[PDB]
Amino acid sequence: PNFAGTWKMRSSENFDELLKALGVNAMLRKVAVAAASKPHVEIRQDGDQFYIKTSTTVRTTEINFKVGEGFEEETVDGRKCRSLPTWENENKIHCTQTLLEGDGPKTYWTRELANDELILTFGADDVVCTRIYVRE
């Protein structure tokens, strides 16, 4: 299969740590780590084109991009950045991030479909956060 479908999170790891790497203070980190486990992701994949919805029942964050062409979004902690997606290999998109406002930790994310699970990985320098998604 491809990345298309509805995904529910199975497990998260080192997320709080990543947020610290990105400078989010203890309290905000805490509200942030909590709110991250509630949404369900819905991916629409069409070739290199993606449309991802990270929703709930009263909220929804939507974004589209095309693998192979830069686009703009926001780093996990809410900073503005230009992103560059490329296919590392058939089952894995790698995306480099470069901040627009200011200078800080090198951010990056990758999405990989392995064993029918979606493994999202966040990088904030030497810190790496990982989360696994299972088809709902």
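In this text, residue numbers run from 1 along the sequence as written.
The stretch 125-133 shows the higher mean C-alpha B-factor when 125-133 is compared against 3-11 in the entry. Of the two stretches examined, 31-39 and 75-83, the record assigns the greater average C-alpha temperature factor to 31-39. For the set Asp103, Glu69, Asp46, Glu88, the maximum C-alpha B-factor listed in the entry falls on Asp103.
In this PDB entry, the Cα temperature factor of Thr54 sits in the middle third of its chain's modelled residues. For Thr61, the recorded CA temperature factor ranks within the highest third of the chain's modelled residues. In this PDB entry, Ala114 carries a Cα temperature factor that places it within the highest third of its chain's modelled residues.
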